[PDB]
Amino acid sequence: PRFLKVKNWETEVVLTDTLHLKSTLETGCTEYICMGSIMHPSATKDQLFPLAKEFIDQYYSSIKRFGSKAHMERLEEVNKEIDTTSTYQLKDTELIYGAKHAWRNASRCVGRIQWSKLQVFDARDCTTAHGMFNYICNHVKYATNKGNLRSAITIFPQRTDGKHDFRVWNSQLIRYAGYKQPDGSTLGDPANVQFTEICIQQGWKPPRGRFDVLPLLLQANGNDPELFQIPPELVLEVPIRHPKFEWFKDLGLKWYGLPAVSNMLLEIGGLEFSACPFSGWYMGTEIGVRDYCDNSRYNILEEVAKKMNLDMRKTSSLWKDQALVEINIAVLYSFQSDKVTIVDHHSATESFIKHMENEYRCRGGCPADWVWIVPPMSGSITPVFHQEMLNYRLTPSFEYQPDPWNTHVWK
Amino acid sequence: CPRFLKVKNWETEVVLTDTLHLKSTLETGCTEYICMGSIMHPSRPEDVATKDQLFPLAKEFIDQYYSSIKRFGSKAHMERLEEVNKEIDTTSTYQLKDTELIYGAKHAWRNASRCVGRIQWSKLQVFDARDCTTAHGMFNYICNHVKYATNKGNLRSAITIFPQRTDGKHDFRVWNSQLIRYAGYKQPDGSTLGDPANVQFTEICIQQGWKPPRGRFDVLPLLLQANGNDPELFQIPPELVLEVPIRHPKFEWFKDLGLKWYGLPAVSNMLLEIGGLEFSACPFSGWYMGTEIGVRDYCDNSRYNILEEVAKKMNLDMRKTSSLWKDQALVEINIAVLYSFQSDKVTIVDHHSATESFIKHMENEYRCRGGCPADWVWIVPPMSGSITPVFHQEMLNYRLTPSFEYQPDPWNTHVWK
Ligand code: HEM
Ligand code: HEM
Ligand SMILES: Cc1cc(N)nc2cc(-c3ccc(OCC4CCC4)c(CN)c3)ccc12
Ligand SMILES: Cc1cc(N)nc2cc(-c3ccc(OCC4CCC4)c(CN)c3)ccc12
Ligand SMILES: C[C@H](O)[C@H](O)[C@H]1CNc2nc(N)[nH]c(=O)c2N1
Ligand SMILES: C[C@H](O)[C@H](O)[C@H]1CNc2nc(N)[nH]c(=O)c2N1
Ligand SMILES: [Zn+2]
């Protein structure tokens, strides 16, 4: 256990990490094998209180009332409540604190300079899929804000016995359908082929277009999930056009403005919130590099490069790289022209470096996953490429969880 | 402690199974509670390996060698072991056979987790220079290496291995970080002429007596240390230094930037570790991936930094980042680099071809060897990461021996005569 230095090899700034000593969860690495590029490496009454205590301790530390009378009483209150009921309920203040710090601790998120501006919607009183739909509609409307996007999270009731889980079966609140074609190719988003088929199996009548917004598939209290249509006036979309290539609009592309991830698990003080959709705004490469140009995604690189009359016979002409830049120029230009919040990867990584300085100064460190922070294009011409980073696991945290259709027992 | 580890390719869904990690030797710097995968170097000169330290390291290497030639447990294996054990017992070190030197050099490359070019690992020309005694002799060896590896533009990978460390006060060192590098000169007004990466080494050469041309692309002299003596300066014969003028297939004006680069990347400041023996002077060379020149050598802010001037000549809007003018310029610079090498028939590989080859290599190594240590942070190219197949490939990073290692710069440790 020592202070660890991280160096920026471009600015020669050296930061000293003390926060990693507070980490208690594991990373997946060992002294002998590093698993930094593995995507997914690796409760009862008895285990719950220490986890609760650790979180309550840090909550009262954060508000400069550690050891105070209310700190004492809250610990005695949580211990007694776990005794009698095998669980406990978070105060509203603790819920907000926990949610913001889960975002603050998300080592893979380049957007964390914004972490303390998070609108937290408490939905722990929800009991049915219809109520989930209401809460989700309100979240989408608030977060969208006519294009002036606002970060938000909506937190549904925590897991109890594991048989009554609340789940949003969608991976994002807003995504486009994908259809397995007769010949074998894909109409729409190939990332959502399985989920789309589930919705059709569940009664959804698919328009079978290239940009069909998917219905919500919502599971309350462990019951069978139910389908809902997001009111279309709440779904903000940007048609993608290019500022110089007049033909780009003829590609017929568009995307949605609100990135709202809804399949992750929020963990606070030992409690597990299996339904907790959270939303911010996009970095342009999320759409223009990954969602449009991945092999198993929309894969428009070939067509764009053709329209640019590029030499596509050899890889060394870098025709993919040229078309990739133009696609990302069009995405940024399109969102900005419609006044929908978006950030480019130069600005976002610049902000993250500034964020890192803040966290080392006030918190003693910032867990960061270089593999995920560095953008998927033009990596070394962003400031994070040359920034050393220490990755470690703090709680409260967002965690992965299995897709519900693998675990659910239909009634 | 499970015996098998799985890695997944999230683009193709191929799953590979790693058992080779069981043979990892030294620490990564990571723990179960922290990952140091993005730290550049996560893990006294006279402090050399002792007898009791050297015995197991030699045995492990000899065993691995005789296993690779399908002679494990043979009479030759046992006799080699006994011979090595008696050398260490009576001389505190031992000498590798030529076969073992060659095997060990090829395998340090095969084990280099940060190298994307390892599909070529078994095609490495090994030059045994362990009979060298003086810096003039090192210069002779290095000149021959350069000429052989350059091969009039049809580049061939090669390593030259000088005598191993003994007591730590008689080290052979190449003080250059690469055999061919351009000088950098800091001006009184703070600006830099030439290559900013090499200002410190350039200043050392000048102090040692080098008369610098004070140009933009001045090939640096070799600064060579034999047997722990003070290092000596030599000029590489310019006819041995193959260079490529950088021009662009569509932009007439690109040649007017006056850019060029050298054909042969030849890293000369690393240490080669084989069976506990330490080869502190072991320059090795291959051929370039274009982005090593076009992204890092030209566009890094602390390097040649020509993004601005290119973007101006392209008449891009440079007043806001969201126009991606930097991204546009970077692609064209890398187009020019590849077109220039190809037009001059100098071997080079683009980052699409290189990463596709590495994936095929990595799958073959999992199949035949049981794994392939790979450092994602270094394997993924510095531009267009996610449109190359390595971006979506999970990797396991661990340290196998024989290995290439970092070592301290020699001017920080050398005891001047
Ligand atoms: C406000 C603007 C935000 C921006 C620009 C942003 C940007 C990003 C990006 C680019 C990624 C990588 C995405 C990918 O590669 O597909 C990411 C990951 C992530 N973000 Fe943020 N984000 C923002 C807000 C938020 C918010 C509000 C939360 C939660 C309250 C959050 C939590 C996360 C998590 C949990 C991950 C991934 C961690 C994992 O998969 O293990 N982000 N973010
Ligand atoms: C044959 C063509 C080769 C290609 C295309 C190639 C490519 C590369 C690249 C692109 C890197 C990362 C460089 C950077 O980002 O600065 C690298 C690193 C490396 N390569 Fe290769 N390489 C080749 C040959 C070789 C040979 C012949 C050897 C040794 C015999 C070697 C050993 C290494 C090592 C030790 C490293 C980096 C390890 C470190 O710095 O920690 N490579 N290579
Ligand atoms: C709030 C927010 C804003 C934003 N601008 N971007 C965001 C991106 C993610 C995100 C990215 C990748 C992920 O991993 C899944 C990969 C396998 C296929 C993609 C996950 C985990 N669901 C989340 C999560 C939240 C984001
Ligand atoms: C045979 C070969 C061919 C090739 N095409 N490329 C090669 C690149 C390296 C290499 C790259 C980066 C390195 O580290 C540099 C960091 C310190 C500052 C940045 C080192 C370590 N000297 C070696 C080594 C050998 C190479
Ligand atoms: C295999 C690799 O770890 C995986 O593809 C990761 C790499 N880095 C990433 N980085 C971001 N931001 N998003 C991703 O989906 C990924 N994928
Ligand atoms: C901070 C970071 O680890 C460092 O800048 C690394 C990142 N990855 C790299 N990858 C390669 N191939 N070469 C490099 O020089 C670097 N630099
Ligand atoms: Zn690690």
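All chains are named by letter (A, B, ...) in the order of the sequence lines, taking the proteins before the strands, and each is independently numbered beginning at 1. FYI, side chains are in, hydrogens and waters are out, and symmetry mates aren't considered; it's all heavy atoms of this structure. Counting starts at 1 for both ligands and their atoms, in listed order.
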A.B. asks: Please report which non-hydrogen protein atom sits nearest to atom 41 (O) of ligand 2, along with the residue it belongs to and the distance in Å to one decimal place.
C.D. replies: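 Looking at atom 41 (O) of ligand 2, the protein heavy atom closest to it is B:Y406 OH, 2.7 Å.
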A.B. asks: Number of protein N/O/S atoms less than 2.8 Å from atom 21 (Fe) of ligand 1?
C.D. replies: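 That number is 1, waters not included.
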A.B. asks: For B:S285, is the nearest heavy atom under 4.0 Å from an atom of ligand 2?
C.D. replies: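 Yes, B:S285 has a heavy atom closer than 4.0 Å to ligand 2.
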A.B. asks: Identify the protein heavy atom lying closest to atom 1 (C) of ligand 1, giving its residue, its atom name and the separation to 0.1 Å.
C.D. replies: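 I find the closest protein heavy atom is A:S151 OG, 3.4 Å.
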A.B. asks: How would you list, by chain and number, every residue that makes a ring pair (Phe, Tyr, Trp, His ring centres under 6.0 Å) with A:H101, sequence neighbours excluded?
C.D. replies: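 Ring pair (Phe, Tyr, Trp, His ring centres under 6.0 Å) check on A:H101 returns A:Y97, A:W115.
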A.B. asks: Looking only at the aromatic ring of each residue, does the gap between the centers of B:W376 and B:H392 stay below 6.0 angstrom?
C.D. replies: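 Here the rings of B:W376 and B:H392 have centres that are no less than 6.0 Å from each other.
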A.B. asks: Kindly indicate whether the side chain of A:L265, heavy atoms from C-beta on, has any atom under 4.5 Å from the side chain of A:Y400.
C.D. replies: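 Not touching, per the 4.5 Å side-chain cut-off.
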A.B. asks: The test is ring pair (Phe, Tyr, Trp, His ring centres under 6.0 Å); show your working for B:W261 and B:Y304 and say whether it passes.
C.D. replies: CA-CA 11 Å; B:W261 208 252; B:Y304 271 86; 5.7 Å; yes
A.B. asks: So do the side chains of A:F385 and B:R296 get within less than 4.5 Å of each other, counting heavy atoms only?
C.D. replies: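 Yes; the side chains approach each other to less than 4.5 Å.
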A.B. asks: Select the closest option to atom 3 (C) of ligand 1 among A:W372, A:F398, A:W281, judged by heavy-atom distance.
C.D. replies: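 Heavy atom nearest to atom 3 (C) of ligand 1 belongs to A:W281.
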A.B. asks: Please list the nearest protein heavy atom to atom 29 (C) of ligand 2 with its residue and the distance rounded to 0.1 Å.
C.D. replies: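 Nearest neighbour among protein heavy atoms for atom 29 (C) of ligand 2, to 0.1 Å: B:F284 CD1, 3.3 Å.
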A.B. asks: Counting each atom of ligand 1 from 1 as listed, which ones have a heavy atom of A:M283 under 4.0 Å away?
C.D. replies: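 This gives 10 (C) as the contact atoms.
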A.B. asks: Write down the atom of B:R114, the atom of B:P42, and the distance for their closest heavy-atom approach.
C.D. replies: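 Between these two residues, the closest heavy atoms are NH2-CD, 4.4 Å.
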A.B. asks: Which heavy atom in B:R399 sits nearest to a heavy atom in B:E27, and how many Å separate them?
C.D. replies: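 Minimum heavy-atom contact is NH1-O, 2.6 Å.
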A.B. asks: Determine the interplanar angle of the A:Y282 and A:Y256 rings, folded into 0 to 90°, and report it as parallel if under 30°, tilted if 30 to 60°, perpendicular if over 60°.
C.D. replies: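 A:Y282 and A:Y256: tilted rings.
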A.B. asks: Any side-chain heavy-atom pair from B:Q342 and A:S316 closer than 4.5 angstrom?
C.D. replies: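 Yes, their side chains come closer than 4.5 Å.
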A.B. asks: Please list, by chain and number, the protein residues whose heavy atoms come under 4.0 Å of ligand 5.
C.D. replies: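 Those residues closer than 4.0 Å to ligand 5 by some heavy atom are A:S37, A:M39, A:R290, A:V371, A:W372, B:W376, B:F391, B:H392, B:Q393, B:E394.
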A.B. asks: Report the member of B:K106, B:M270, B:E292, B:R110 with the shortest heavy-atom distance to atom 9 (C) of ligand 2.
C.D. replies: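 Result: the heavy atom closest to atom 9 (C) of ligand 2 is in B:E292.
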A.B. asks: Measure the CG-CG distance between A:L90 and A:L95 for me, rounded to the nearest 0.5 Å.
C.D. replies: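 Between atom CG of A:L90 and atom CG of A:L95 there are 6.0 Å.
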A.B. asks: Taking only residues two or more places apart in sequence or in another chain, which ones pass side-chain contact (heavy atoms from CB on, under 4.5 Å) with B:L124?
C.D. replies: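 side-chain contact (heavy atoms from CB on, under 4.5 Å) list for B:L124, sorted by chain: B:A105, B:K106, B:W109, B:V126, B:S157, B:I159.
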A.B. asks: Can you classify the ring geometry of A:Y135 versus A:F156 as parallel (below 30°), tilted (30 to 60°) or perpendicular (above 60°)?
C.D. replies: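 Perpendicular: the ring planes of A:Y135 and A:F156 meet at over 60°.
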A.B. asks: Between A:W281 and A:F335, does the ring centroid distance fall short of 6.0 Å?
C.D. replies: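 They do not qualify: ring centres at least 6.0 Å apart.
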